[PDB]
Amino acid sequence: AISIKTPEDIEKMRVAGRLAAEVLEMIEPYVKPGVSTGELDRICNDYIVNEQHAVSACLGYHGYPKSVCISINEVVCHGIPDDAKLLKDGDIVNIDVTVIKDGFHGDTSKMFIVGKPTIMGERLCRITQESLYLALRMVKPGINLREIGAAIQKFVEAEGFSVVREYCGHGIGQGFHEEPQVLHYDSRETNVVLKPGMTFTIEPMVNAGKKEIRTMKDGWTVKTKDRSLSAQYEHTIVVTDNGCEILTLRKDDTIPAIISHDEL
């Protein structure tokens, strides 16, 4: 079932989350034209291991071969870091990180724009981030997860993009992927009432084009069927007594760490 974390668990999650966000703040500078995805994966790994003294949860997860997922342009998710894949001007890149510290996990990701941006690229990252923020703003005890999925979808579609169906956010803590499944669209099957103490991620994958995807020969890389661009953002949060607390907040986030719902 869904696990309610205790205050102490939360404190642990706060540490794992901060570490995860840090990695994202740390790698920004190195994200530029000409750099390979493999080198970025190496930098993150070393940082996590040697500086943070933590562990990457992705490395070996169901056989995942690298430390972080780096998805470029049309890649939807699970892009495999590789030394032959170089960053170019105009690319939109997602870097997804999961760190373990003391047994608790912190999962987060962001988009980066390489060099000069395209109108659509920049626009797609912005609506994708807005769609995550919107969801975050909704979280409070008593709401149903279905309303969140519905809201994201409606928003995204009203802006002319699509939400990927196959991939969802998830409960998280001692376990990388715990209940519940957090769908980013409306589904009559969804029925979970939020309680304080619940910890989970929200990580909408948005396509500028059609919602369909395809998985490559590699068994990991997922791409849009129509070759359109795809973007995603993700945060880890805890449901509080009157709202939520964002455990993976970074300095460039423009949403506050704690969201209090005065209507409560």
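In case it trips you up, residue 1 is the first one in the sequence shown, and so on. Take the two forms, superpose them, and find the largest set of C-alpha atoms that agree within 1.5 Å; that set is the rigid core.
Of the two stretches examined, 212-220 and 36-44, the one with higher mean CA deviation in 5 other deposited structures of this protein after a rigid core fit is 212-220. Mean CA B-factor, 83-91 versus 181-189: the higher value falls on 83-91.
The question of which stretch, 118-126 or 167-175, has the higher mean Cα B factor is settled in favour of 118-126.
Comparing the C-alpha B-factors of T236, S230, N45, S36 in the entry, the top value falls on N45.
Highest CA B-factor among the listed residues (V99, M138, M111, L145): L145. Split the chain's modelled residues into thirds by C-alpha temperature factor. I258 is in the middle one. Per the PDB record, residue ranking by Cα B-factor puts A20 in the middle third of the chain. Among the modelled residues of its chain, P196 has a C-alpha B-factor that falls in the middle third, as given in the PDB entry.
Sorting the modelled residues of the chain by their CA temperature factor places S71 in the lowest third. Sort the chain's modelled residues by C-alpha temperature factor and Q153 lands in the highest third, per the entry.
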